[PDB]
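Undergrad: Got a structure for you, questions after.
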Amino acid sequence: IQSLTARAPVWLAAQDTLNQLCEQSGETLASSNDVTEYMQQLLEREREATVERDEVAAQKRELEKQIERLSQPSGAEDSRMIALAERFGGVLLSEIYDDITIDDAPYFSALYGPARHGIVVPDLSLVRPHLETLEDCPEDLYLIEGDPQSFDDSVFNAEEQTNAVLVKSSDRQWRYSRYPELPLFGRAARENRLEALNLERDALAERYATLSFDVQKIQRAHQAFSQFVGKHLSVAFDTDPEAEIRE
Amino acid sequence: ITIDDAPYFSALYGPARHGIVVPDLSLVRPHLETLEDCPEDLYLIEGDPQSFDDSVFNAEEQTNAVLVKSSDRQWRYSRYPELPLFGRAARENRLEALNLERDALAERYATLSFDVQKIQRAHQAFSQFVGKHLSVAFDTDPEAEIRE
Amino acid sequence: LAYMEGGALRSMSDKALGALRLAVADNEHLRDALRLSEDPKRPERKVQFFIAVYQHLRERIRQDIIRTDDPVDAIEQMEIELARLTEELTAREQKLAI
């Protein structure tokens with residue numbers, strides 16, 4: 001009786017800890033081997049959830065990068081377009097066409113092509129010296145000549161076609177710009193579209209948070225099981241003393 | 001095309017780097033309205049595919065860059081890219097380097113998997129011991145008590 | 001604890017009450033219930049205090065975004081909320097900067 005009594009409290013605390021740990025799970029444990037397979041299932045769920053979480057995070061990061069790219073000063077290639085714009089007494093072409101209608105925006109964007117984002121500089125000789133210096137700039141920088149406040153439409157070999165525009169960029173060379181959707185020009189409702197991107201990313205962030213919480217919960221369950229087994233295995237699944245002591 | 005001038009050719013061509021050498025230009029205009037899946041800024045040039053004459057540019061070479069009079073009141077500045085569209089030569093050594101990195105990752109994964117296998121085996125041995133010899137584990141020798 | 005003498009139980013209870021003193025400093029109703037609970041001739045008050053804890057812990061659940069009636073199971077939901085609010089804080093900081 002005294003030996004069983006001495007053994008008792010350890011066994012009782014072990015039983016209570018094990019019952020709490022198992023009930024926290026949907027399963028009830030019955031063996032050390034069974035605990036090991038539960039650990040294996042925990043590892044499987046963890047290695048899965050982490051992959052989904054990372055995939056969602058990559059999608060998320062792409063979404064915020066896209067949202068930022070449309071931010072300032074007027075959503076464009078502002079990484080270097082900024083310095084390229086204020087360093088010279090010019091104005092962004094996209095900003096110049098900032099207020100164009102959503103309907104004329106695609107037409108003008110197709111008409112202007114890769115030069116939509118160009119910078120208006122009436123001289124073209126201010127950039128002539130600095131050209132050699134420019135090593136950190138978009139692989140294709142675009143500049144146009146005219147009055148930034150009242151620039152006259154760039155003369156083009158344009159040829160409008162159904163929802164598109166052909167153009168002769170140089171002798172024997174044509175660029176065919178199909179009417180884009182949600183264009184560069186007309187950057188007033190494009191702010192509304194980056195708001196729509198924020199709305200879209202809201203659900204992505206919600207799902208990422210759920211996945212991260214699941215990962216944390218699985219990690220904490222695994223750590224609790226580890227601590228358990230550290231303190232617990234010696235008496236796990238052993239016979240009940242209380243009944244023996246009463247008998 | 002040579003690796004040396006390939007970045008130069010890419011910088012000179014710009015977005016027109018990706019283009020089709022159609023010496024007629026007559027199959028496009030009727031089909032132009034018929035092109036919908038084509039890239040939005042489709043680029044087409046007139047030249048002989050057998051001997052494509054050098055494309056027309058008013059090109060000035062700056063240090064690792066170029067300036068081209070793309071059109072009236074339009075001067076375009078470009079820099080030299082890497083892995084240019086021209087002179088690909090299949091760039092097979094880049095594929096090989098990527099394969100080397102992937103194979104190194106696979107080898108590392110194999111080694112880690114083997115280590116995990118060994119650790120699992122040791123765990124199962126420990127579990128087996130504690131399942132069958134835990135009760136008498138570390139306890140004293142009964143032979144002395146028996147002799148006493 | 002069924003196999004531990006009363007003196008050690010008194011000692012653990014004393015330590016726990018000392019901790020509760022600091023823990024419940026802010027609250028007034030829980031503090032008053034605790035201040036009542038130490039009379040040794042009214043044991044049920046102690047039990048009541050526990051109820052008063054859980055009860056209180058339930059009303060302040062802010063069930064608008066939480067559901068678990070048991071506060072012990074709401075720690076996960078608060079952790080979820082902290083993670084979500086950290087994300088929202090990052091977004092807000094970026095927006096303010098721009």
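The way I read the labels, and the way they are meant: chains A, B, ... in the order of the structure tokens, residue 1 as the first residue of every chain, and ligand 1 as the first ligand shown, with later ones counted on from there.
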Which of chain C counts as alpha helix (DSSP H) under DSSP, as a PyMOL selection string please?

TA: chain C and resi 6-23+29-37+43-59+75-97

Undergrad: With C-alpha atoms retained, could you export that selection as a PDB file, in the first residue's frame?

TA:
```
ATOM      1  CA  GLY C   6      -2.346  20.244   4.124  1.00  0.00           C
ATOM      2  CA  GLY C   7       0.615  22.488   4.905  1.00  0.00           C
ATOM      3  CA  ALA C   8       2.041  22.328   1.405  1.00  0.00           C
ATOM      4  CA  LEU C   9      -1.443  22.930   0.023  1.00  0.00           C
ATOM      5  CA  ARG C  10      -1.704  26.042   2.172  1.00  0.00           C
ATOM      6  CA  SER C  11       1.676  27.159   0.833  1.00  0.00           C
ATOM      7  CA  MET C  12       0.671  26.705  -2.812  1.00  0.00           C
ATOM      8  CA  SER C  13      -2.599  28.527  -2.142  1.00  0.00           C
ATOM      9  CA  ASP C  14      -0.683  31.397  -0.541  1.00  0.00           C
ATOM     10  CA  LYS C  15       1.668  31.674  -3.517  1.00  0.00           C
ATOM     11  CA  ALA C  16      -1.241  31.557  -5.963  1.00  0.00           C
ATOM     12  CA  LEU C  17      -3.074  34.282  -4.046  1.00  0.00           C
ATOM     13  CA  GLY C  18       0.075  36.393  -4.078  1.00  0.00           C
ATOM     14  CA  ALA C  19       0.199  36.034  -7.853  1.00  0.00           C
ATOM     15  CA  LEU C  20      -3.514  36.827  -8.196  1.00  0.00           C
ATOM     16  CA  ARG C  21      -2.980  40.012  -6.196  1.00  0.00           C
ATOM     17  CA  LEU C  22      -0.753  41.431  -8.932  1.00  0.00           C
ATOM     18  CA  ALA C  23      -2.777  39.845 -11.733  1.00  0.00           C
ATOM     19  CA  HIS C  29     -15.157  43.511  -9.129  1.00  0.00           C
ATOM     20  CA  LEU C  30     -12.721  40.603  -9.377  1.00  0.00           C
ATOM     21  CA  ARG C  31     -10.495  42.365  -6.849  1.00  0.00           C
ATOM     22  CA  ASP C  32     -13.421  42.714  -4.438  1.00  0.00           C
ATOM     23  CA  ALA C  33     -14.405  39.070  -4.888  1.00  0.00           C
ATOM     24  CA  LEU C  34     -10.817  38.061  -4.140  1.00  0.00           C
ATOM     25  CA  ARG C  35     -10.783  40.313  -1.067  1.00  0.00           C
ATOM     26  CA  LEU C  36     -13.923  38.557   0.156  1.00  0.00           C
ATOM     27  CA  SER C  37     -12.645  35.076  -0.681  1.00  0.00           C
ATOM     28  CA  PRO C  43     -15.114  28.396   1.687  1.00  0.00           C
ATOM     29  CA  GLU C  44     -17.726  28.631  -1.074  1.00  0.00           C
ATOM     30  CA  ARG C  45     -16.640  32.215  -1.763  1.00  0.00           C
ATOM     31  CA  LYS C  46     -13.393  30.827  -3.172  1.00  0.00           C
ATOM     32  CA  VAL C  47     -15.386  28.679  -5.588  1.00  0.00           C
ATOM     33  CA  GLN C  48     -17.564  31.679  -6.394  1.00  0.00           C
ATOM     34  CA  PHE C  49     -14.429  33.665  -7.184  1.00  0.00           C
ATOM     35  CA  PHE C  50     -13.445  31.043  -9.746  1.00  0.00           C
ATOM     36  CA  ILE C  51     -16.895  31.330 -11.291  1.00  0.00           C
ATOM     37  CA  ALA C  52     -16.611  35.111 -11.097  1.00  0.00           C
ATOM     38  CA  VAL C  53     -13.363  34.717 -13.019  1.00  0.00           C
ATOM     39  CA  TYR C  54     -14.725  32.503 -15.787  1.00  0.00           C
ATOM     40  CA  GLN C  55     -17.961  34.475 -15.908  1.00  0.00           C
ATOM     41  CA  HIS C  56     -16.019  37.718 -16.274  1.00  0.00           C
ATOM     42  CA  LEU C  57     -13.552  36.162 -18.704  1.00  0.00           C
ATOM     43  CA  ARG C  58     -16.559  35.271 -20.848  1.00  0.00           C
ATOM     44  CA  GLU C  59     -18.209  38.702 -20.976  1.00  0.00           C
ATOM     45  CA  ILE C  75      -6.219  31.914 -26.622  1.00  0.00           C
ATOM     46  CA  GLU C  76      -5.971  30.518 -30.144  1.00  0.00           C
ATOM     47  CA  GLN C  77      -8.475  33.082 -31.402  1.00  0.00           C
ATOM     48  CA  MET C  78      -6.635  35.949 -29.722  1.00  0.00           C
ATOM     49  CA  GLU C  79      -3.407  34.698 -31.311  1.00  0.00           C
ATOM     50  CA  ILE C  80      -5.161  34.711 -34.683  1.00  0.00           C
ATOM     51  CA  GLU C  81      -6.283  38.276 -34.014  1.00  0.00           C
ATOM     52  CA  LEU C  82      -2.780  39.426 -33.067  1.00  0.00           C
ATOM     53  CA  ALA C  83      -1.369  37.956 -36.282  1.00  0.00           C
ATOM     54  CA  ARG C  84      -4.096  39.583 -38.372  1.00  0.00           C
ATOM     55  CA  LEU C  85      -3.596  42.923 -36.629  1.00  0.00           C
ATOM     56  CA  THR C  86       0.160  42.747 -37.208  1.00  0.00           C
ATOM     57  CA  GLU C  87      -0.561  42.348 -40.910  1.00  0.00           C
ATOM     58  CA  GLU C  88      -3.020  45.247 -40.759  1.00  0.00           C
ATOM     59  CA  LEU C  89      -0.462  47.392 -38.921  1.00  0.00           C
ATOM     60  CA  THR C  90       2.113  46.763 -41.638  1.00  0.00           C
ATOM     61  CA  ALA C  91      -0.448  47.756 -44.266  1.00  0.00           C
ATOM     62  CA  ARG C  92      -1.400  50.899 -42.340  1.00  0.00           C
ATOM     63  CA  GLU C  93       2.234  51.921 -41.894  1.00  0.00           C
ATOM     64  CA  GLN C  94       2.869  51.591 -45.622  1.00  0.00           C
ATOM     65  CA  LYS C  95      -0.268  53.597 -46.390  1.00  0.00           C
ATOM     66  CA  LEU C  96       0.704  56.370 -43.973  1.00  0.00           C
ATOM     67  CA  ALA C  97       4.203  56.577 -45.444  1.00  0.00           C
TER      68      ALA C  97
END
```

Undergrad: Write out as a list in words each polymer residue whose atoms come within 7 Å of segment 2-14 of chain A, counting only C-alpha atoms; drop sequence neighbours fewer than 5 positions from it.

TA: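 The neighbour list is residues 232, 235, 236, 241 and 245 of chain A; 3 of chain C.
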
Undergrad: Using only N, CA and C atoms, please write the residues we just selected to a file, as a PDB file, in the first residue's frame.

TA:
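Output (out_1.pdb):
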```pdb
ATOM      1  N   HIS A 232       6.914  12.342 -18.942  1.00  0.00           N
ATOM      2  CA  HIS A 232       5.688  11.558 -18.847  1.00  0.00           C
ATOM      3  C   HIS A 232       5.840  10.075 -19.145  1.00  0.00           C
ATOM      4  N   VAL A 235       5.639   6.595 -16.765  1.00  0.00           N
ATOM      5  CA  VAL A 235       4.440   6.028 -16.166  1.00  0.00           C
ATOM      6  C   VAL A 235       3.267   5.988 -17.133  1.00  0.00           C
ATOM      7  N   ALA A 236       3.473   6.347 -18.397  1.00  0.00           N
ATOM      8  CA  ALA A 236       2.374   6.373 -19.350  1.00  0.00           C
ATOM      9  C   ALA A 236       1.758   4.988 -19.511  1.00  0.00           C
ATOM     10  N   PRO A 241      -3.237   2.927  -9.782  1.00  0.00           N
ATOM     11  CA  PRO A 241      -2.996   2.543  -8.384  1.00  0.00           C
ATOM     12  C   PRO A 241      -4.241   2.624  -7.523  1.00  0.00           C
ATOM     13  N   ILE A 245      -5.124   0.253  -4.386  1.00  0.00           N
ATOM     14  CA  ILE A 245      -5.037   0.722  -3.010  1.00  0.00           C
ATOM     15  C   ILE A 245      -6.362   0.507  -2.294  1.00  0.00           C
TER      16      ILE A 245
ATOM     17  N   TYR C   3      -2.661  13.384  -2.563  1.00  0.00           N
ATOM     18  CA  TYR C   3      -1.637  12.726  -1.764  1.00  0.00           C
ATOM     19  C   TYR C   3      -0.571  13.715  -1.304  1.00  0.00           C
TER      20      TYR C   3
END
```

Undergrad: Just the residues within 7 Å of residue 47 of chain B, please, counting only C-alpha atoms, with nothing from its chain fewer than 6 positions along; format it as a ChimeraX atom specification.

TA: /B:21-23,53

Undergrad: Go ahead and save the picked residues with C-alpha atoms, as a PDB file, in the first residue's frame.

TA:
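Wrote it out as selection.pdb, contents follow:
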```pdb
ATOM      1  CA  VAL B  21      10.533  39.100 -90.053  1.00  0.00           C
ATOM      2  CA  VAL B  22       7.660  39.246 -92.548  1.00  0.00           C
ATOM      3  CA  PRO B  23       8.929  40.800 -95.818  1.00  0.00           C
ATOM      4  CA  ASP B  53      18.906  43.390 -93.573  1.00  0.00           C
TER       5      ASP B  53
END
```

Undergrad: Identify every residue of chain A that has at least one atom within 8 Å of any atom of chain B, counting only C-alpha atoms, and report the result as number ranges by chain.

TA: A: 32-33, 110, 113-114, 124, 131-132, 135, 137-146, 154-156, 161-162, 164, 169-180, 234

Undergrad: Give me the residues of chain A that have any atom at most 10 Å from an atom of chain C; for each, the nearest atom pair and the distance in Å, rounded to one decimal. Use only C-alpha atoms, sort by chain and number, and format it as JSON lines.

TA:
```
{"residue": "A:5", "atom": "CA", "partner": "C:3", "partner_atom": "CA", "distance": 7.8}
{"residue": "A:6", "atom": "CA", "partner": "C:3", "partner_atom": "CA", "distance": 8.6}
{"residue": "A:8", "atom": "CA", "partner": "C:3", "partner_atom": "CA", "distance": 7.9}
{"residue": "A:9", "atom": "CA", "partner": "C:3", "partner_atom": "CA", "distance": 6.4}
{"residue": "A:12", "atom": "CA", "partner": "C:1", "partner_atom": "CA", "distance": 9.0}
{"residue": "A:13", "atom": "CA", "partner": "C:1", "partner_atom": "CA", "distance": 8.8}
{"residue": "A:24", "atom": "CA", "partner": "C:73", "partner_atom": "CA", "distance": 9.6}
{"residue": "A:64", "atom": "CA", "partner": "C:91", "partner_atom": "CA", "distance": 9.4}
{"residue": "A:68", "atom": "CA", "partner": "C:98", "partner_atom": "CA", "distance": 9.3}
{"residue": "A:71", "atom": "CA", "partner": "C:98", "partner_atom": "CA", "distance": 7.7}
{"residue": "A:72", "atom": "CA", "partner": "C:98", "partner_atom": "CA", "distance": 7.7}
{"residue": "A:73", "atom": "CA", "partner": "C:98", "partner_atom": "CA", "distance": 9.4}
{"residue": "A:198", "atom": "CA", "partner": "C:91", "partner_atom": "CA", "distance": 9.7}
{"residue": "A:202", "atom": "CA", "partner": "C:88", "partner_atom": "CA", "distance": 9.5}
{"residue": "A:205", "atom": "CA", "partner": "C:87", "partner_atom": "CA", "distance": 7.6}
{"residue": "A:206", "atom": "CA", "partner": "C:84", "partner_atom": "CA", "distance": 7.3}
{"residue": "A:208", "atom": "CA", "partner": "C:84", "partner_atom": "CA", "distance": 9.2}
{"residue": "A:209", "atom": "CA", "partner": "C:84", "partner_atom": "CA", "distance": 6.1}
{"residue": "A:210", "atom": "CA", "partner": "C:80", "partner_atom": "CA", "distance": 7.2}
{"residue": "A:211", "atom": "CA", "partner": "C:80", "partner_atom": "CA", "distance": 9.9}
{"residue": "A:212", "atom": "CA", "partner": "C:83", "partner_atom": "CA", "distance": 8.3}
{"residue": "A:213", "atom": "CA", "partner": "C:80", "partner_atom": "CA", "distance": 5.9}
{"residue": "A:214", "atom": "CA", "partner": "C:80", "partner_atom": "CA", "distance": 9.2}
{"residue": "A:216", "atom": "CA", "partner": "C:79", "partner_atom": "CA", "distance": 9.3}
{"residue": "A:217", "atom": "CA", "partner": "C:76", "partner_atom": "CA", "distance": 7.8}
```

Undergrad: Can you list, as an MDAnalysis selection string, every residue of segment 42-138 of chain B that DSSP puts in strand (DSSP E or B)?

TA: chainID B and resid 42:45 59:62 65:71 74:79

Undergrad: Write the residues you've just listed into a file as a PDB file, in the first residue's frame, and include C-alpha atoms for each of them.

TA:
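Okay, again18.pdb is ready:
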```pdb
ATOM      1  CA  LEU B  42       2.953  42.983 -81.359  1.00  0.00           C
ATOM      2  CA  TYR B  43       6.117  43.862 -83.291  1.00  0.00           C
ATOM      3  CA  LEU B  44       6.422  43.154 -87.020  1.00  0.00           C
ATOM      4  CA  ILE B  45       9.250  44.023 -89.413  1.00  0.00           C
ATOM      5  CA  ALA B  59      21.681  54.507 -83.190  1.00  0.00           C
ATOM      6  CA  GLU B  60      24.326  56.232 -81.062  1.00  0.00           C
ATOM      7  CA  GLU B  61      26.419  54.008 -78.784  1.00  0.00           C
ATOM      8  CA  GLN B  62      26.893  55.209 -75.210  1.00  0.00           C
ATOM      9  CA  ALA B  65      23.886  51.792 -73.652  1.00  0.00           C
ATOM     10  CA  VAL B  66      22.333  53.170 -76.833  1.00  0.00           C
ATOM     11  CA  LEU B  67      20.180  56.108 -77.927  1.00  0.00           C
ATOM     12  CA  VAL B  68      17.922  55.695 -80.968  1.00  0.00           C
ATOM     13  CA  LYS B  69      15.724  58.233 -82.719  1.00  0.00           C
ATOM     14  CA  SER B  70      12.674  55.974 -82.550  1.00  0.00           C
ATOM     15  CA  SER B  71      10.456  58.558 -84.260  1.00  0.00           C
ATOM     16  CA  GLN B  74      10.990  60.507 -79.726  1.00  0.00           C
ATOM     17  CA  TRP B  75      14.534  59.636 -78.641  1.00  0.00           C
ATOM     18  CA  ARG B  76      14.759  56.323 -76.786  1.00  0.00           C
ATOM     19  CA  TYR B  77      17.535  55.486 -74.319  1.00  0.00           C
ATOM     20  CA  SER B  78      18.287  51.843 -73.531  1.00  0.00           C
ATOM     21  CA  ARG B  79      20.922  49.904 -71.596  1.00  0.00           C
TER      22      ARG B  79
END
```
